[PDB]
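Novice: What follows is a single structure, and I will ask about it in a moment.
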Amino acid sequence: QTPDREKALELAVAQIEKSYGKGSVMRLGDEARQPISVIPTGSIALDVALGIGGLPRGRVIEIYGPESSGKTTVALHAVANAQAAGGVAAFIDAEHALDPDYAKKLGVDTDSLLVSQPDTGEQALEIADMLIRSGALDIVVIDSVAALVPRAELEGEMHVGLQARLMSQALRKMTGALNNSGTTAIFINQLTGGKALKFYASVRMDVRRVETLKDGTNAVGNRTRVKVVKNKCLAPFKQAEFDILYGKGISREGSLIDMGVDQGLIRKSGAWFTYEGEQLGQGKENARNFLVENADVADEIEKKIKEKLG
Ligand SMILES: Nc1ncnc2c1ncn2[C@@H]1O[C@H](COP(=O)(O)OP(=O)(O)O)[C@@H](O)[C@H]1O
Ligand code: ALF
């Protein structure tokens, strides 16, 4: 007995998907799904590494990694895009360390940015809940899961396992509104909420800095590598690398060439980087430079790789 198995299995998956959701069972090869709702990340690589071409709306994402790696950047980038399309964002601050200049440089209309700075972890998630429940916000981001210390541990009365309780609680309740409003919550994790977020979260991102981007002088950026460890929206375990310039953020340009060569649209005749005959430049950075100053052609590449995938 051979094929009827594949038909019994097709039903199996249908059965499951029915009671546990679209992404309850997947094949790592499935090119499946693709909505109209997606916040680009800033890098075409991470975009397609998400499969869905951006972040998924009405869902909670968790981006975790080591101090100084990419996260917040990625986040603020997700903030800057969910902004460029007239949506509005809130930044629930718990570390007190956002640098507006850098945000502005990435593109956050810092002025419209709903920022808040709670004095207890609990209060922190709630502000996020009602802010969410209004259906006004498109993207909301809670900076750091680890800094959300409980009122109790804050009042002095220290048991423990306060965090994992408060989180789960909030997450359970908070997971509902989200899918019912279309706001995507982004949680910066560090490295403790663990379990809770781990499961409610529909997309988990592992960000870590790979190499300290050498550029003649000292250092222009970092070549980050995000590893989407969980993806209830598209075949997980996919990943992406990209440069993050010091002060400039993710080089959408730098992403374009790399993808451009890994997809045949850009040819690298040894040192030179070609595109549809026209010579781009000599040296990834010289081409990055060329693209940024030549946006018209820049989104041309970005356009032609989209057609060939998402
Ligand atoms: N104001 C800034 N000027 C230059 N580079 C910055 C600045 N803020 C962040 N970065 C870059 O981002 C890296 C850390 O990213 P950031 O968003 O602060 O945090 P994370 O990536 O950990 O979420 C730094 O190593 C640096 O490359
Ligand atoms: F540089 Al970070 F979390 F902002 F490690």
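Letters for chains follow the order of the structure tokens (A, B, ...), residue numbers begin at 1 for each chain, and ligand numbers begin at 1 in the order shown.
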Quick one: residues within 8 Å of residue 33 in chain A, only C-alpha atoms counted, chain neighbours fewer than 2 positions away excluded, as a ChimeraX atom specification?

Specialist: /A:31,35,52,233-234

Novice: Kindly save the residues from that selection, with C-alpha atoms included, as a PDB file, in the first residue's frame.

Specialist:
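This went into out23.pdb:
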```pdb
ATOM      1  CA  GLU A  31       5.851  27.622  -0.409  1.00  0.00           C
ATOM      2  CA  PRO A  35      -1.348  37.704   2.863  1.00  0.00           C
ATOM      3  CA  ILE A  52       5.571  35.786   4.290  1.00  0.00           C
ATOM      4  CA  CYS A 233       2.916  31.500   9.318  1.00  0.00           C
ATOM      5  CA  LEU A 234       5.534  29.926   7.093  1.00  0.00           C
TER       6      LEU A 234
END
```

Novice: Each residue of chain A with at least one atom at most 9 Å from ligand 1 should appear once, together with its nearest atom pair and the corresponding distance in Å (one decimal); atoms considered: only C-alpha atoms and all ligand atoms; ordering: chain, then increasing residue number; output as a tab-separated table.

Specialist:
```
residue	atom	partner	partner_atom_place_in_ligand_line	distance
A:63	CA	ligand 1	23 (O)	8.3
A:64	CA	ligand 1	23 (O)	8.3
A:65	CA	ligand 1	22 (O)	7.1
A:66	CA	ligand 1	22 (O)	6.7
A:67	CA	ligand 1	22 (O)	5.1
A:68	CA	ligand 1	14 (C)	4.1
A:69	CA	ligand 1	21 (O)	4.1
A:70	CA	ligand 1	21 (O)	2.5
A:71	CA	ligand 1	23 (O)	2.9
A:72	CA	ligand 1	23 (O)	2.9
A:73	CA	ligand 1	17 (O)	3.4
A:74	CA	ligand 1	17 (O)	6.7
A:75	CA	ligand 1	23 (O)	7.0
A:76	CA	ligand 1	17 (O)	7.3
A:97	CA	ligand 1	18 (O)	8.6
A:98	CA	ligand 1	18 (O)	7.8
A:99	CA	ligand 1	1 (N)	6.0
A:100	CA	ligand 1	1 (N)	8.2
A:101	CA	ligand 1	1 (N)	6.8
A:102	CA	ligand 1	1 (N)	4.8
A:103	CA	ligand 1	1 (N)	8.1
A:143	CA	ligand 1	23 (O)	8.9
A:188	CA	ligand 1	23 (O)	7.3
A:190	CA	ligand 1	22 (O)	8.8
A:207	CA	ligand 1	21 (O)	7.7
A:208	CA	ligand 1	21 (O)	8.1
A:209	CA	ligand 1	25 (O)	8.3
A:212	CA	ligand 1	27 (O)	8.8
A:219	CA	ligand 1	27 (O)	9.0
A:220	CA	ligand 1	27 (O)	8.0
A:221	CA	ligand 1	27 (O)	5.2
A:222	CA	ligand 1	27 (O)	5.7
A:224	CA	ligand 1	21 (O)	8.8
A:244	CA	ligand 1	27 (O)	6.1
A:245	CA	ligand 1	27 (O)	6.0
A:246	CA	ligand 1	5 (N)	3.5
A:247	CA	ligand 1	4 (C)	3.3
A:248	CA	ligand 1	4 (C)	6.8
A:249	CA	ligand 1	11 (C)	6.5
```

Novice: Selection from above, C-alpha atoms, as a PDB file, in the first residue's frame, can you write it?

Specialist:
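For reference, part_35.pdb as written:
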```pdb
ATOM      1  CA  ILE A  63      13.132  38.816  18.751  1.00  0.00           C
ATOM      2  CA  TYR A  64      15.779  37.506  21.156  1.00  0.00           C
ATOM      3  CA  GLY A  65      19.559  37.736  21.263  1.00  0.00           C
ATOM      4  CA  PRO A  66      22.772  38.971  22.956  1.00  0.00           C
ATOM      5  CA  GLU A  67      23.308  42.561  23.980  1.00  0.00           C
ATOM      6  CA  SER A  68      24.503  44.569  20.940  1.00  0.00           C
ATOM      7  CA  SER A  69      23.412  42.429  17.995  1.00  0.00           C
ATOM      8  CA  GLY A  70      20.472  43.784  15.888  1.00  0.00           C
ATOM      9  CA  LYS A  71      17.145  43.349  17.682  1.00  0.00           C
ATOM     10  CA  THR A  72      15.851  46.851  18.592  1.00  0.00           C
ATOM     11  CA  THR A  73      17.225  47.956  15.258  1.00  0.00           C
ATOM     12  CA  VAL A  74      15.127  45.332  13.556  1.00  0.00           C
ATOM     13  CA  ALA A  75      12.309  46.469  15.824  1.00  0.00           C
ATOM     14  CA  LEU A  76      12.640  50.140  15.166  1.00  0.00           C
ATOM     15  CA  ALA A  97      17.647  53.515  26.479  1.00  0.00           C
ATOM     16  CA  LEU A  98      16.107  54.409  23.128  1.00  0.00           C
ATOM     17  CA  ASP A  99      18.097  56.924  21.055  1.00  0.00           C
ATOM     18  CA  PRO A 100      15.668  59.051  18.975  1.00  0.00           C
ATOM     19  CA  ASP A 101      18.408  60.321  16.687  1.00  0.00           C
ATOM     20  CA  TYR A 102      19.102  56.785  15.512  1.00  0.00           C
ATOM     21  CA  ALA A 103      15.421  55.990  15.305  1.00  0.00           C
ATOM     22  CA  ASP A 143      11.322  46.833  25.007  1.00  0.00           C
ATOM     23  CA  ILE A 188      12.479  42.193  22.828  1.00  0.00           C
ATOM     24  CA  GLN A 190      17.068  39.105  26.299  1.00  0.00           C
ATOM     25  CA  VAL A 207      19.416  37.629  16.194  1.00  0.00           C
ATOM     26  CA  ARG A 208      23.156  37.573  16.807  1.00  0.00           C
ATOM     27  CA  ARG A 209      25.982  39.648  15.390  1.00  0.00           C
ATOM     28  CA  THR A 212      32.349  43.271  12.887  1.00  0.00           C
ATOM     29  CA  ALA A 219      33.914  49.779  11.585  1.00  0.00           C
ATOM     30  CA  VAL A 220      30.837  50.806   9.591  1.00  0.00           C
ATOM     31  CA  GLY A 221      28.439  48.168  10.889  1.00  0.00           C
ATOM     32  CA  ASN A 222      27.741  44.540  11.875  1.00  0.00           C
ATOM     33  CA  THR A 224      23.795  40.214  11.590  1.00  0.00           C
ATOM     34  CA  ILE A 244      23.715  46.941  10.018  1.00  0.00           C
ATOM     35  CA  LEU A 245      25.666  50.183   9.601  1.00  0.00           C
ATOM     36  CA  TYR A 246      26.628  52.133  12.683  1.00  0.00           C
ATOM     37  CA  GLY A 247      24.121  54.943  12.848  1.00  0.00           C
ATOM     38  CA  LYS A 248      22.471  54.132   9.564  1.00  0.00           C
ATOM     39  CA  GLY A 249      20.886  50.814  10.453  1.00  0.00           C
TER      40      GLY A 249
END
```

Novice: Closest to ligand 2 among A:147, A:108, A:177, A:85, using only C-alpha atoms and all ligand atoms?

Specialist: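 With only C-alpha atoms and all ligand atoms as the atom set, the closest residue is A:147.
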
Novice: Residue 285 in chain A: which residues within 10 Å, counting only C-alpha atoms, same-chain residues fewer than 3 positions away excluded, as a PyMOL selection string?

Specialist: chain A and resi 215+253-254+257+281-282+288-291

Novice: With distances taken over only C-alpha atoms and all ligand atoms, which residue among A:158, A:271, A:164, A:146 lies nearest ligand 2?

Specialist: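 Checking each of A:158, A:271, A:164, A:146 against ligand 2, counting only C-alpha atoms and all ligand atoms, the winner is A:146.
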